[PDB]
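K.L.:
Provided herewith is a single structure, encoded as structure tokens, for subsequent inquiry.
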Amino acid sequence: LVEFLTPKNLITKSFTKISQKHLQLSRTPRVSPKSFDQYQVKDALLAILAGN
DNA sequence: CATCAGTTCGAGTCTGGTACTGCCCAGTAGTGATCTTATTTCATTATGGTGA
């Protein structure tokens with residue numbers, strides 16, 4: 001990590017083993033981008049705001 | 001042309017930075033009681049030599 005942080009040493013490099021190693025093919029995505037409507041949520045909040 | 005790579009928008013999820021609530025325990029110092037012990041007295045007990 002220390003060498004990679006320095007940008008000068010990374011210039012004088014000839015990475016070759018990078019293209020030979022690969023162990024990342026299946027990654028589980030997020031659950032879902034569930035819908036969010038501003039109007040309905042705001043109306044419910046104001047009602048509960050009214051809610052007493 | 002339709003595939004893949006470079007860009008956006010907004011939601012998912014963690015986490016710091018900031019304040020707050022409902023509830024009994026634990027330690028210490030008084031007394032009064034009852035043992036407990038390193039240490040101080042109350043008798044017998046043996047040793048002593050000599051003038052009547």
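Residues in the structure tokens are named by chain (A, B, ... in the order shown) and by number from 1 within that chain; ligands are numbered from 1 in the order shown.
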Excluding segment 12-17 of chain B and residues on its chain fewer than 3 positions from it, collect all residues at most 12 Å away from it, counting only C-alpha atoms (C1' of nucleotides), and give them as a list in words.

P.N.:
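Answer for this query is residues 29, 30, 31, 32, 33 and 34 of chain A.
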
K.L.:
Give the helix (DSSP H, G or I) residues of chain A, as assigned by DSSP on the backbone, as a PyMOL selection string.

P.N.:
chain A and resi 2-5+7-11+17-19+38-50

K.L.:
For chain B, which of A:25, A:36, A:49, A:44 is the closest residue, counting only C-alpha atoms (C1' of nucleotides)?

P.N.:
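Closest to chain B, using only C-alpha atoms (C1' of nucleotides): A:36.
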